[PDB]
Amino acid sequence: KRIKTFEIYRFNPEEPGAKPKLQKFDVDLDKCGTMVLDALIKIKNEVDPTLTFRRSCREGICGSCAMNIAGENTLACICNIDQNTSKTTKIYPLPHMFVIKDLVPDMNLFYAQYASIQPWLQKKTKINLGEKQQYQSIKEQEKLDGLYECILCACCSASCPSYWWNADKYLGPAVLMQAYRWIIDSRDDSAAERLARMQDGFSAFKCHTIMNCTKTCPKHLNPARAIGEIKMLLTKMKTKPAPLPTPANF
């Protein structure tokens, strides 16, 4: 029988003055699904129901199962199990996050920071909601490709050592890409004010171009490229283009 072992970070906040720990669990690979989430679920159901972690989608689209596996921040539901049984796989929560319990981090600063970018379409001329479609060209909307895909899982932010030390002031790669997703949207008028919110020395400029964000992103996105692009804009080295004019027969 093929027995893989996992070293899972544990922490119980209800125990008197408890400390975090590492717990080893053995799993028969032949009575378990191919992905690391499968292992966690099996262990939870067949050994230890106190094992606590987030999951929802089984296909890597929700972002719930973000955690640190084998040293990298990834999604448990699409990371395959390393079948070399002589190795143990270490599973920690998202790095440098405050931990509620086990592999479940507190996520509300991440989310708060996501709100602060005003992630919604803005227009300087009030529009009748139901009435008509806004014009956007295939080229213009393709600038969103590589930006809207983001499932908002936090992997990249929790891989960023700048965001480790200064989460309170540096918005981090996840939010910064999303900010830029509303800046290069050609249907959006507030490009100017969006950049205005992250003018200061920490909001965006505390990105020290480390590149962990782009390496680790499990959706194969590139936030470093988007942060770089925001810097170019903040330094007036580039501008946002004007919307391609809306044709007469539209």
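A residue's number is simply how far along the shown sequence it sits, counting from 1.
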{"query": "Segment of higher mean CA temperature factor, 125-133 or 171-179", "finding": "125-133"}
{"query": "Peak C-alpha temperature factor (PDB record), options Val36, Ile210, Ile43, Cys65", "finding": "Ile210"}
{"query": "Third of chain Cα B-factors occupied by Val104", "finding": "middle"}
{"query": "Record-listed C-alpha B factor of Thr89: chain third", "finding": "highest"}
{"query": "Chain thirds of CA B-factor: placement of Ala192", "finding": "highest"}
{"query": "Ranked against its chain, the third holding the CA B-factor of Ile61", "finding": "lowest"}
{"query": "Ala224 - which third its CA temperature factor falls in, relative to the rest of the chain", "finding": "highest"}
